[PDB]
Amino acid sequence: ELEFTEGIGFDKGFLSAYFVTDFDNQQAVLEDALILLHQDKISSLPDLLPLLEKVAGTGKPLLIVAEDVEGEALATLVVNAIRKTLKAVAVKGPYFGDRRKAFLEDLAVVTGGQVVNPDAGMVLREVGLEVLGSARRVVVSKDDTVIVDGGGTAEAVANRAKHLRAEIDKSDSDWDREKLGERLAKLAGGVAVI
C-alpha cells in the first residue's frame, strides 16, 4: 500500500511514570532528542554516568531504548527527569532474539546512531555522543513508542531496505516474511524528509 503512519513506532511504552511530561495524555514528549540504543540491560550507574553527563551538557532530551533499564541507573534517570536537569525517558526494545537485536539496528539506521553492544565488545563507559541517534520528535505512551524524523542517512536507510527485501525473497516461511514485511514498512516512515 501507499499509505503509512508517520515516524517509526513499536508497542513498548515508558518504563516509569516519572518520565511522563503530559499526564493528560499520559505520555512523554521529547523535541529534537538524542537517542541511545543499547543491546543489553542498563543497570550500573558508573558505566552510564559518563555518557549522561555528556548528554546533560547538550541541553537536548534523551530517549533510551535498551533490553531493559533498572537499578541505580533507572533511579538517577528518574530523579534527573523530575528535576529536569536531564529530560529523559527509558523504553524497552520491542521484540526478542535476533528480531530484537535486528530492530535496534533498524532504529540506529533511521536515527543515525549506533547500537551499543557489550556482547560485541563495546563499553558504555567509553562511548561518546557519536553513538547517539537523533529525532525531531519522540512520543512515548503507556504501551507504545513513536519516533518522528530520525537523523539517519539516505544510503543507510536505502541499504537496510534493500537488505530487508532480499531477506523477504529468501524466506521460505510466510510467518517470517510477514514479520520482515512489517519491519520494512516501519523503517521507511521513520526517516526525516527535506
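So that there is no doubt, residue numbering starts at 1 and follows the sequence shown.
The mean Cα B-factor in the deposited entry runs higher for 87-95 than for the other of 109-117 and 87-95. Higher mean CA temperature factor, per the PDB entry, when comparing 149-157 with 31-39: 31-39. In the PDB entry, a CA B factor belonging to the middle third of its chain's modelled residues is recorded for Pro50. In this PDB entry, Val69 carries a Cα temperature factor that places it within the highest third of its chain's modelled residues. Remark: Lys142 belongs to the highest third of its chain, ranked by C-alpha B-factor as recorded.
Per-chain ranking of the deposited C-alpha B factor places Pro61 in the lowest third. The entry lists a Cα temperature factor for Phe19 that places it in the lowest third of the chain's modelled residues.
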